[PDB]
Amino acid sequence: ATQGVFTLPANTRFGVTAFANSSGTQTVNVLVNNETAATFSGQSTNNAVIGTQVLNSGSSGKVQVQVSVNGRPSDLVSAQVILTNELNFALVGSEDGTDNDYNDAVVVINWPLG
Ligand SMILES: *C(=O)C[C@@H]1O[C@@H](C)[C@@H](O)[C@@H](O)[C@@H]1O
Ligand SMILES: [Ca+2]
Ligand SMILES: [Ca+2]
Ligand SMILES: [Ca+2]
């Protein structure tokens with residue numbers, strides 16, 4: 001199944017933050033309605049924040065997270081969770097190798113903001 005794709009409410013500001021846990025340099029691209037809106041890159045085996053940014057979901061609300069390492073797409077896992085019918089997390093893990101820890105880049109999207 002497709003992973004890393006989320007439909008947010010339209011025209012909503014959201015946070016996106018990426019952490020790294022891999023010897024490979026992670027590149028995280030965040031697309032809004034299929035256009036790149038943010039790109040983070042970095043390397044850590046200790047959960048360092050490689051980027052954090054506030055974006056806008058636009059008219060469609062479609063947000064996609066893509067992760068690659070040296071140009072090769074990582075395998076993604078994702079889900080969205082809503083607490084008290086208000087607080088939203090869109091969660092992504094990614095795997096660049098064979099150990100299947102799925103933490104090589106971890107991406108968290110949260111809304112609402114403010
Ligand atoms: C390459 O070494 C594999 C890569 O980096 C490791 C340190 C570990 O985080 C592994 O999960 C990751 O796929
Ligand atoms: Ca891994
Ligand atoms: Ca890892
Ligand atoms: Ca508040």
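Positions are given from 1 along the sequence. Computed from heavy atoms alone, side chains included, the values below leave out hydrogens, waters and symmetry copies. Order of listing sets the numbers, starting from 1, for every ligand and every atom in it.
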For the Ca ion (ligand 3), find the closest N/O/S atom belonging to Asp101 and write down its atom name.
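Closest to the Ca ion (ligand 3) among those atoms: OD2.
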Shortest-distance N/O/S atom, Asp104 versus the Ca ion (ligand 3):
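Closest N, O or S atom of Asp104 to the Ca ion (ligand 3): OD1.
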Contact partition for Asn21 relative to ligand 1, non-hydrogen atoms under 4.0 Å
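Backbone only.
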Can you see which heavy atom on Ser94 is nearest to which on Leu76, and at what distance?
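In this case the closest contact between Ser94 and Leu76 is CB-CD2, 3.5 Å.
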Please report which non-hydrogen protein atom sits nearest to [atom], along with the residue it belongs to and the distance in Å to one decimal place.
atom                    : answer
atom 7 (C) of ligand 1  : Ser23 N, 3.6 Å
atom 12 (C) of ligand 1 : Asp104 OD1, 3.2 Å
atom 8 (C) of ligand 1  : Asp99 OD2, 3.9 Å
atom 4 (C) of ligand 1  : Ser22 OG, 3.4 Å
atom 13 (O) of ligand 1 : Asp96 OD1, 2.6 Å

Residue pair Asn29 / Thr39, side-chain donor-acceptor N/O under 3.5 Å
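A pair is found: one side chain offers a donor N or O, the other an acceptor, under 3.5 Å apart.
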Any N or O on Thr45 sitting closer than 3.5 Å to an N or O of ligand 1?
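Between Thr45 and ligand 1 (N or O atoms, distance only) the closest approach is not under 3.5 Å.
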Could an N or O of ligand 1 be found under 3.5 Å from any N or O of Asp101, whether backbone or side chain?
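Such a contact does occur with ligand 1.
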Opening angle between OD1 in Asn103 and O in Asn21, taken at the Ca ion (ligand 3), to 10 degrees
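It is 90°, given to the nearest 10°.
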Is there a side-chain contact between [X] and [Y] (heavy atoms, below 4.5 Å)?
X     : Y     : answer
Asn88 : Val81 : no
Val28 : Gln66 : no
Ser41 : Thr25 : yes

Using atom types as modelled and distance alone, determine if a side-chain donor or acceptor of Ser44 lies under 3.5 Å from a backbone N or O of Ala48.
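A pair under 3.5 Å: yes.
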Main chain of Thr12, side chain of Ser57: is a donor-acceptor contact present, judged purely on distance under 3.5 Å?
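Checking the backbone N and O of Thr12 against the side chain of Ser57, a donor-acceptor pair under 3.5 Å is found.
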As an exercise, state the distance from OH of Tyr102 to CG of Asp96, rounded to the nearest 0.5 Å.
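Spacing of OH (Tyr102) from CG (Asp96) equals 10.0 Å.
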Atom indices of ligand 1, in the order listed, that fall short of 4.0 Å to a heavy atom of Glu95:
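Counting atoms of ligand 1 from 1, those under 4.0 Å from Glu95 are 13 (O).
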May I ask you to check if any N/O/S atom from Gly114 comes under 3.0 Å of the Ca ion (ligand 4)?
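It does; at least one qualifying atom falls short of 3.0 Å.
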Shared hydrophobic cluster, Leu91 / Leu83 (ILVMFWY, side-chain heavy atoms < 4.5 Å):
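Linked within one cluster.
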